[PDB]
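# Descriptive analysis of the structure
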Amino acid sequence: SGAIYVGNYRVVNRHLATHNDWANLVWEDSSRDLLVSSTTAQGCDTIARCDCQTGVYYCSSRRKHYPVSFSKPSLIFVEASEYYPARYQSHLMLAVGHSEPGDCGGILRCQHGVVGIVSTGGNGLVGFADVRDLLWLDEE
Ligand SMILES: CC(=O)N1c2ccccc2C[C@@H]1C(=O)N1CCC[C@H](C(N)=O)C1
Ligand SMILES: [Zn+2]
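Header annotation of the entry names X-ray crystallography as the structure determination method and lists the resolution as 1.576 Å.

### With respect to the layout of surface pockets
Empty space within the largest pocket amounts to approximately 690 Å³. Together, 30 residues line the largest pocket, and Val78, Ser81, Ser119, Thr120 and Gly121 are the ones closest to its centre. Counting only elements with at least two residues in the lining of the largest pocket, the list comes to β6 (74-78), β7 (87-96), β9 (113-122) and β10 (125-130). Residues of the lining of the largest pocket, tallied by class, amount to 12 nonpolar, 12 polar and 6 charged. For the lining of the largest pocket, the domains that each give at least three residues are domain 1 (3-44) and domain 2 (45-140).

### A word on the site of ligand 1
As a matter of local geometry, ligand 1 sits amid 16 residues, with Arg87, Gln89, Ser99, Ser119 and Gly121 nearest to it. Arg87 is positioned with one of its side-chain polar atoms (N or O) 3.1 Å from an oxygen atom of ligand 1. Side-chain polar atom of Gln89 to a nitrogen atom of ligand 1: 2.9 Å apart, as the coordinates give it. Relative to its unbound accessible surface of 500 Å², ligand 1 loses 78% to contact with the protein. Structurally, ligand 1 is housed in the largest pocket. Elements with a minimum of two residues in the shell around ligand 1: β7 and β9.

The rules behind the values
Residues are labelled from 1 along each chain in written sequence order, independent of how the entry numbers them, and those without coordinates are excluded. By the order in which they are written, chains take letters starting at A while ligands take numbers starting at 1. Hydrogens and water molecules were not included; the side-chain quantities draw on all heavy atoms of the structure. A cavity, in this analysis, means grid points on a 1 Å lattice covering only the protein atoms where a 1.4 Å probe fits yet has no way out; a pocket is instead an open set bounded by protein on both sides within 12 Å along at least five of seven lines, and a residue lines either one if it has an atom within 4 Å of a point. Grid points are joined across faces, edges and corners, and a volume is the space filled by probe spheres set on the points. Here a strand is any run of E in DSSP of at least two residues, a helix any run of H or I of at least four, and the numbering for each starts at the N terminus. Residue type decides the class: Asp, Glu, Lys and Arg count as charged, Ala, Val, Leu, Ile, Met, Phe, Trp, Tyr, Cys and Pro as nonpolar, and the leftover types, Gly among them, as polar. In this entry, domain limits derive from an automatic or database-based domain assignment. In these notes, residues near a molecule or strand are those with any non-hydrogen atom within 4 Å of it. As used in this structure description, the phrase polar contact means that two N or O atoms lie within 3.5 Å; if the pair is within protein, one of them must be able to donate a hydrogen and the other to accept it, and residues adjacent in sequence are counted only when both atoms belong to side chains. Accessible surface is estimated by sampling points in the Shrake-Rupley manner with a 1.4 Å probe; for residues, cover comes only from the protein chains shown. Throughout, a molecule is located in a cavity or pocket provided that more than half of its atoms lie within 2 Å of its grid points.

Below, the structure written as structure tokens:
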């Protein structure tokens, strides 16, 4: 579990969004596993606007932050789960690292701010949903 809090927006994994997130929906994309809802209180996270390929992510199943190298956001096949059928997820970045069910939502950060959140895992790989292209998160 986990979310990004920037301005009056809350960014969560779409498959973990609550019924209340849907009532307060701003934008969602099933193909990216992302959902953004509106908030009343202003948040303090800064979104990275860069092409960094190295950063640090939080792994809740280890209670540890790990430094990683990660691939550029791309269209990657994700096996069927209880949340989605087998499909290509877009804007996904992979790193060699640990992730297990329950780790989604952990933040991936570089020197510029938040890059994305954990969205996939298994087989010694961890996948992050990129948020750096969502320029509108920085306004209104
Ligand atoms: C590490 C982790 O999150 N997982 C994992 C790991 C090891 C074995 C199985 C899993 C399931 C789960 C995972 O990858 N997803 C289930 C939730 C939705 C995700 C998506 N973006 O489509 C896919
Ligand atoms: Zn960066």
